[PDB]
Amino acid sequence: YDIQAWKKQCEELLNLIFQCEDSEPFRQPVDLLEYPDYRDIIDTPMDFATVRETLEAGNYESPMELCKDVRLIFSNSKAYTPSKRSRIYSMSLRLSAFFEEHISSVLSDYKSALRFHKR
């Protein structure tokens, strides 16, 4: 029933993601010299360094907010990909499965802890 526990859980999940080769494309911003049309397709860039920095700045109130930004990384990859069999998109889908597998308990425990606080 620890209402704060999600934050370290998210820090340790981001550490796992940063160790994962599938996160390589999603750590830092997209260079427009390399993808000149990226912002013609993607309105709101997002990457795992920005998620980690937002977390470490104390600028997430809940793991749901972190989960919306992580999911935006994946939806951007799906929107930008020219093919569902692209290398970078294919890395996004595996990383997304890994992230959803690990975040499900973090969200559950947080919401459980809030409910207990409100009881």
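Counting begins at 1, following the sequence as shown. For clarity, a rigid core is taken as the largest C-alpha set superposing within 1.5 Å between two forms.
> Taking RMS over all structures and residues, which stretch has CA atoms farther from the shown form in 8 other deposited structures of this protein, 27-35 or 87-95, after a rigid core fit?
Replying inline: The stretch that sits farther from the shown form in 8 other deposited structures of this protein is 27-35.
> Once you work out the mean C-alpha B-factor for both 38-46 and 90-98 from the entry, which is higher?
Replying inline: 38-46 has the higher mean C-alpha B-factor.
>> Going by the mean C-alpha B-factor recorded in the entry, which is higher: 29-37 or 57-65?
In response: Comparing averages over the C-alpha atoms only gives 29-37.
>> Taking only the Cα B-factors deposited for this chain, tell me whether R52 sits in the lowest, middle or highest third.
In response: Middle third.
> If you rank the chain by CA B-factor, which third does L13 end up in: lowest, middle or highest?
Replying inline: It belongs to the middle third of the chain when residues are ordered by C-alpha B-factor.
> In terms of the CA temperature factor given in the entry, to which third of its chain does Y1 belong: lowest, middle or highest?
Replying inline: Highest third - that is where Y1 ends up once the chain's C-alpha B-factors are sorted.
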